[PDB]
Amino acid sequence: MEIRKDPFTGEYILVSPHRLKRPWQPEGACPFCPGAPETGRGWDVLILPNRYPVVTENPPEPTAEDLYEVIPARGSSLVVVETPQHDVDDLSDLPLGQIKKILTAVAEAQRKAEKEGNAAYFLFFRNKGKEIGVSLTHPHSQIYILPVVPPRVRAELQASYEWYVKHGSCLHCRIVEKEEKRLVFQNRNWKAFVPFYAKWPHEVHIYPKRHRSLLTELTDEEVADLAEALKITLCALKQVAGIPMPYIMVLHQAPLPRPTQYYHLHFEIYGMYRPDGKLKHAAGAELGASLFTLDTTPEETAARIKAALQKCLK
């Protein structure tokens, strides 16, 4: 177990071996349902340790090799169990107040991590869909509390700082305020749009209208309007294809625990069906060279998304 580093890309690899279950080994009882000694009862939201953590509190001594940088796999890997119900398809299927509690519980986990003062980064994300390898069907999300900043966020951080120095302001605010044609949804505190620089077949970024760099700075009405943002956007993506779409959601926010004027937090949602509902796989172009292609303009895709989003209201 250790965090290795790629000397050409700077990307980190969370090496944490665990034995892999054989095809004759049952999947076994849902690890996220209430009523087991692990899970307890009477809860709405359960944050618990991942069964196979990629970062741990007292990690083994890192494997070393002369030319390479290795960091101890230190921190927390957690599962946010989003509801006690097993057969709900999606986060978007849950009631607004249930979404609020999930968000509030995540915010609160971040506070704990902030206070504690070690963890460099709080990474919240969600994978959805059998077709992208989500075998555990019970709605859930993930938190990694990390000793390092995620390389992708680290790159966004540098480019953000360098525009703030040059022009005096945050580029994200400037981008959010200007954008309206590619708008998918907005309310008192959040804007959700297909970015100009979209890479995935149905992409939406969700920004707060006010400049927040950290989850923990959100006002209780911000957190509430966020639940509504997430619900309706996710609902739009669940309906646009004609069949529920697999998707990846990540929270991009500043490192722990001090705020920033140049970086502005956002949720990125990569919806992984093309317009015709066949799956889009990240292949040689994407994984091999970080080159993306789109068979359809982002502007046209915001339309389809916004049009399908109309059905969701109710």
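All residue numbers are counted from 1 along the displayed sequence.
Averaged over Cα atoms, the B-factor as recorded in the entry is higher for 167-175 than for the other of 167-175 and 216-224. Higher mean CA B-factor, judged across 238-246 and 137-145 from the recorded values: 238-246. The entry lists C-alpha B-factors for 198, 230, 113, 94, and the highest of these is at 113.
As recorded in the PDB entry, 259 shows the highest C-alpha B-factor of the residues 34, 259, 288, 271. In the deposited entry, the Cα temperature factor of residue 74 places it in the highest third of its chain's modelled residues. Residue 29: CA B factor in the middle third of modelled residues in this chain (values from the PDB entry).
Remark: residue 15 belongs to the lowest third of its chain, ranked by C-alpha B-factor as recorded. Ranked by C-alpha B-factor against the other modelled residues of its chain, residue 41 falls in the middle third. For residue 255, the recorded CA B-factor ranks within the middle third of the chain. Only modelled residues enter the ranking.
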